[PDB]
Protein chains: 2
Amino acid sequence: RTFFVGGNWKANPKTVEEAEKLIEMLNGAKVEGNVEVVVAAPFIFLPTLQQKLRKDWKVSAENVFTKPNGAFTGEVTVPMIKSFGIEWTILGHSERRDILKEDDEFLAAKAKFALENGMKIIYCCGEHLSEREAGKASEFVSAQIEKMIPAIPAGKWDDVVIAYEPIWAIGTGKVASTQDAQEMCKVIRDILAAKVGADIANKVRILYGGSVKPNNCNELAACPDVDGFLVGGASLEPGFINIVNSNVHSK
Amino acid sequence: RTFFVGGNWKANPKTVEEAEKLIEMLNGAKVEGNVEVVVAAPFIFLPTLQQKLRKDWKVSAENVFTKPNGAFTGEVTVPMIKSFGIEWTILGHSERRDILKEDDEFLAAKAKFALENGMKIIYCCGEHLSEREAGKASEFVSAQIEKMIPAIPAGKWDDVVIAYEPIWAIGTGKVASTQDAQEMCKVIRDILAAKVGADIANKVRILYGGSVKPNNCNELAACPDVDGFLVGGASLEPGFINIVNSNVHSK
Ligand code: NA
Ligand code: NA
Ligand code: NA
Ligand code: NA
């Protein structure tokens, strides 16, 4: 599997000038090894990013709606994004599940619609502190992945990447270990193997989407079931390049 | 009060090429009378629209989040929009209240944040069929406006426009009359007068946001408390210009 690093800018930066400065820094970065890099930005910066970002990387949206167009004030749709040449979106990020109240049925509909219309997706999952403490993390994540699975159209698993977010380690006073990352990525791979088969399980990239920084990326990358990262705040910093380059530690 | 016409494209068109064609048609339109025109488009088309739209009109977003930036994957914020020179947003559109489940507390926070950061807002309200049939439309709309009022910072009423949406007439099998539009716009003006005073009530534009087309815009415009329109589907059509030009029938 090719190592995969997604930079999720989230709702940042504040201005188009700052976005352009960030792009200039990314464009001069020396990538080592073999890695697929995707950069996700706010909708209003996607045109800028598509025009100016180095063409060996790809641009991603941070969300999409479930329909092609229509009476959905405020929503951006798959055809609009595709009309700029953008091929990727994030779906189901913890912030959207938890703050914007996106449920599994809505997310499954987004995944199906995006894939059947020629997008590729970074589909996010992960458990909260209660389920982690109860020893039920794998049950919780399995339910999420089992809702995603029937949404994937026939022939579209090549266009799916899954990101695991240790939500129990966000703003809770608890920190995730390297071993926690490996264990949960392996749990997801085994669910795929059991539900859709070994061929698919062996090709799908499974990313760690917890806190990834230059000081932990190399050890995380070396974990056998960790195929890359969905990076948060370091995306906006020169340290993103260190994370991209951690691929050389992943066998 | 200057007559005000907002074109809400909603989640349309599907492609940037179609957006550019629509802009070209708007740029050649001959406006009659005196009218303030704003065009609201999907986030990803806002840069295009800001660059290319006739400078005597203004661009608007269709929504904004409550914070300047941060860990809000998928959201677009006020500073991002302002960094393109865009000064307007719609808030509280029925589609966002009803499909995206935006509540009055969230919307009040958006209105306060947008206004205190130098935006102007088109704040939407309106009752559903049950409240209309119960004879409680004015109570329902008053509760909505009373949640909006304390959000408006001192000195910012010049930057507020209110749109009334007869949600009871959307997809219900019932149609609104011209008299219904006038009556509800007057209800809103009287709430403003009673709660924040006659000076403010006399300056705030109150728009009709139900079905507005070339065949009904002139009679609606003539209603004394109707100060313009938040236009839906006709926004995407040459008939938008007829609606803009209905201002000559409003005294
Ligand atoms: Na257990
Ligand atoms: Na690895
Ligand atoms: Na009554
Ligand atoms: Na009028």
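Because only heavy atoms are used, hydrogens play no part in the values below, and waters and symmetry mates are left out as well, while side chains stay in. Quick note on labels: first sequence line is chain A, next is B, and so on, each numbered from 1. Atoms within a ligand are numbered from 1 in the order they appear, just like the ligands themselves.
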Straight-line distance of [X] [atom1] to [Y] [atom2], nearest 0.5 Å:
| X | Y | atom1 | atom2 | result |
| --- | --- | --- | --- | --- |
| A:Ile162 | A:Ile191 | CD1 | CD1 | 8.5 Å |
| A:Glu165 | A:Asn8 | CD | CG | 8.5 Å |
| B:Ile149 | B:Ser142 | CD1 | OG | 7.5 Å |

Heavy atoms only: give me the nearest B:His128-B:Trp168 pair and the separation to one decimal.
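Looking at all heavy atoms of both residues, the closest pair is C-CB, 3.7 Å.
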Distance-minimising heavy-atom pair for B:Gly126 and B:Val141
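Result for this residue pair: CA-CG2, 4.1 Å.
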Protein N/O/S atoms closer than 3.0 Å to the Na ion (ligand 1):
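A:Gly135 O, with waters left out.
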Is B:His249 close enough to the Na ion (ligand 4) that one of its N, O or S atoms comes in under 3.0 Å?
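B:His249 does not place any N, O or S atom closer than 3.0 Å to the Na ion (ligand 4).
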Please confirm if an N, O or S atom belonging to B:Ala221, backbone or side chain, lies less than 3.0 Å from the Na ion (ligand 4).
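It does: B:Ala221 brings an N, O or S atom closer than 3.0 Å to the Na ion (ligand 4).
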Not counting sequence neighbours, which residues clear side chain to side chain donor-acceptor pair (under 3.5 Å) with B:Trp88? List them please.
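B:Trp88: no side chain to side chain donor-acceptor pair (under 3.5 Å) contacts found.
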Checking side-chain contact (heavy atoms from CB on, under 4.5 Å) between A:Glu36 and each of A:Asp227, A:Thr2, A:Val5, A:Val244, which is the one that passes?
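When A:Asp227, A:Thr2, A:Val5, A:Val244 are each tested with A:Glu36, the side-chain contact (heavy atoms from CB on, under 4.5 Å) holds only for A:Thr2.
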Please report, to 10°, the angle around the Na ion (ligand 4) from atom OG (B:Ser250) across to atom O (B:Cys223).
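So the angle at the metal works out to 160°.
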In terms of side-chain heavy atoms, does B:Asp180 have a donor or acceptor partner in B:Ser177 at a distance below 3.5 Å?
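A donor-acceptor contact under 3.5 Å links the two side chains.
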Can you tell me if, anywhere in A:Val226, an N/O/S atom lies at a distance from the Na ion (ligand 2) that is smaller than 3.0 Å?
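A backbone or side-chain N, O or S atom of A:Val226 is under 3.0 Å from the Na ion (ligand 2).
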